[PDB]
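S.K.: show me how the following folds:
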Amino acid sequence: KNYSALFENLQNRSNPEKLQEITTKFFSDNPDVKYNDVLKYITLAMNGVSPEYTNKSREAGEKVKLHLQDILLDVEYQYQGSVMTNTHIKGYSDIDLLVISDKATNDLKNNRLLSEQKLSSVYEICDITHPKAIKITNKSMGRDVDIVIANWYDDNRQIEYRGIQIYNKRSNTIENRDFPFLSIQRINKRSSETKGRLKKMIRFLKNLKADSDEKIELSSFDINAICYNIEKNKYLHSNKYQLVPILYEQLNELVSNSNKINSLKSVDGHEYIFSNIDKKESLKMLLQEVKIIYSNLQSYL
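M.R.: Residues are numbered from 1 along each chain as shown. The protein structure is shown below:
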C-alpha cells in the first residue's frame, strides 16, 4: 500500500474543493501524523467530512423540500442517509429526502407523479427512471438529492419507530418496513456515548471499502451494523489508532465464530446482516484490509 498516494486521494474525496482551512485544521488537530503517511491516511479516514460540505448537502435537500411544498399536500419531509449520521466519507455526499404521507397506494402514486412534474420543471437534470426514487442535480450547487415517496407503517398505544414503507412505482405497492430514523438515532446516540469513536470506525471501514482493489459489496447499512455491534466497553477510552486493532478483533471474530456472525443484526434490530455467501466473502476481504492497516500500524502503538 502507498499511503502517500492513498492520503492524497483521500483528501480529494473528503475535500474535493481543496479548501485550505480544512487541511490546516486537520494537521493542527493531529500534529502527530506529520511526516508519517500511514498515520495521515488512518486519521483522515476516520475524520468527519467538514461541515462546510455537509451544510451544503443538507441545503440542497432543503431547496428540494421548498419546491415540493409548492405542489404536495398532506406530507411531511424527513432526511435519511450517511449525512444525517455524519458517517459519509465524500465531501460531495448526496442526501435522501423522504416524502412521508400523514395518512394508501393511490395517495403515494399521486405524490410520486406530482413530485416528478415539479422536480422535472425546476431542475434540468432530473432522473425519474427508477421506480423507488427521483434523483435531481442542483447544477448551481453541484449537489445531488434523491427523493423517496413513503408512508408510515400503520398495521394499546402507538409505538414510536413503527417504520416507513417505501412506495414502489413499478409494482404500485408499498415496500416492506424500513427503520431509517431509528437507525440514525441509535448511531448518533452511541457515538455520543463514545465521544465520536463509533463514527470514526464506521467512516474508516467505508474508506477501506472505497480504497480496496477487491469488490467489498458491503453496504453502509452493513458497515453501520458491524461497528454498532461492538460493545462500548471495548473502545470507550481508545484513541484513533487503537480503533484499528479493535476493528480487527471484531471482524476476525465475525469470520471465526459462526454464531457471532449469525447473531449480527442491523442497527434497528429488525434484520440480520448475514443470512448470502458472497457477503461473508466480502466480510473476509474487508478483514484483509484491516489486517494490512493494523500490521503497518502496530509499530506506532
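S.K.: can you list the residues that contact the top helix by length along the chain?
M.R.: For the chain, the longest helix by residue count, based on DSSP state H, is helix 277-297. Counting by C-beta atoms under 8 Å, 6 or more residues apart in numbering, helix 277-297 makes contact with 1, 3, 38-39, 42, 205, 208-209, 211-212, 214-218, 222, 241, 244-245, 247-248, 251-252, 254-255, 261, 273-274, all of which sit outside it. (Each C-beta comes from the backbone N, C-alpha and C, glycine too.)
S.K.: try it again at 7 Å.
M.R.: Here helix 277-297 makes contact (C-beta atoms under 7 Å, 6 or more residues apart in numbering) with 1, 38, 42, 205, 208-209, 212, 214, 216-218, 241, 244-245, 247-248, 251-252, 254-255, 274.
S.K.: is residue 106 part of a helix or strand, or is it coil?
M.R.: helix (DSSP: H, G, I helix; E, B strand; the rest coil).
S.K.: brain fart, residue 99
M.R.: Secondary structure, three-state DSSP: residue 99 is strand.
S.K.: hang on, the earlier thing: buried ones among the contacts of helix 277-297?
M.R.: 38, 42, 205, 208-209, 216, 218, 241, 244-245, 247-248, 251, 254-255, 274 (16 or more other C-beta atoms under 10 Å).
S.K.: ok, so of those residues, who is nearest residue 80?
M.R.: residue 218 (18.6 Å; C-beta to C-beta).
S.K.: wait, doesn't that closest one sit right on residue 209?
M.R.: Yes - assessed by C-beta atoms under 7 Å, residue 218 is found in contact with residue 209 at 6.5 Å.
S.K.: quick one, phi psi at residue 175?
M.R.: Main-chain dihedrals, residue 175, degrees, to the nearest 10: phi -70, psi 170.
S.K.: that one: neighbour count?
M.R.: Using other C-beta atoms under 10 Å, residue 175 has 14 neighbouring residues.
S.K.: distance of it from residue 158?
M.R.: Distance from residue 175 to residue 158, counting by C-beta to C-beta, to the nearest Å: 21 Å.
S.K.: and residue 174, that one's in a helix?
M.R.: No - under the criterion used here (three-state DSSP), residue 174 is strand, not part of a helix.
S.K.: mind listing the residues bridging to it?
M.R.: Taking DSSP bridges as the rule, residue 174 bridges to residue 167.
S.K.: for it, give me its contacts.
M.R.: 104-105, 108, 151, 165-168.
S.K.: tell me the secondary structure at residue 150.
M.R.: Here residue 150 is strand, with the state taken from three-state DSSP.
S.K.: I figured it was touching residue 98, is that so?
M.R.: Yes - here residue 150 lies in contact with residue 98, judged by C-beta under 7 Å, at a distance of 5.8 Å.
S.K.: residue ranges of the strands in this structure, please?
M.R.: Taking DSSP state E to define them, one finds strands in the chain at 75-80, 95-101, 125-127, 134-138, 143-152, 164-168, 173-178.
S.K.: what's the burial count for residue 213?
M.R.: 7.
S.K.: going along the chain, name the helices of this structure.
M.R.: Using DSSP H, helices in the chain cover 3-14, 20-29, 37-46, 51-68, 82-85, 105-122, 180-193, 197-211, 220-228, 243-256, 258-262, 277-297.
S.K.: now do the fourth one against strand 143-152, angle only.
M.R.: Using axes from the mean of the first three to the mean of the last three C-alpha atoms, to 10 degrees, the inter-axis angle of helix 51-68 relative to strand 143-152 is 60 degrees.
S.K.: what packs against helix 51-68?
M.R.: If contacts are counted by 3 or more C-beta pairs under 7 Å, 6 or more residues apart in numbering; DSSP states H and E, helix 51-68 sits against helix 82-85, strand 95-101, helix 105-122, strand 134-138, strand 143-152.
S.K.: of all these, which lies closest to residue 265?
M.R.: Nearest of the helices and strands packed on helix 51-68 to residue 265, taken as C-beta to C-beta: helix 82-85 at 17.6 Å.
S.K.: what comes up buried for the closest one?
M.R.: 82-85.
S.K.: what's the local residue count around residue 50?
M.R.: Residues near residue 50, counting by other C-beta under 10 Å: 18.
S.K.: quick one, what contacts residue 208?
M.R.: 286, 289-290.
S.K.: most neighbours among the residues you listed, which one?
M.R.: In terms of neighbours by other C-beta under 10 Å, the contacts of residue 208 top out with residue 286 at 24 neighbours.
S.K.: and the gap between that one and residue 173?
M.R.: Relative to residue 173, residue 286 is positioned 34 Å away (C-beta to C-beta).
S.K.: give me the domain ranges for the protein.
M.R.: 1-47, 51-178, 179-301 (automatic domain parsing).
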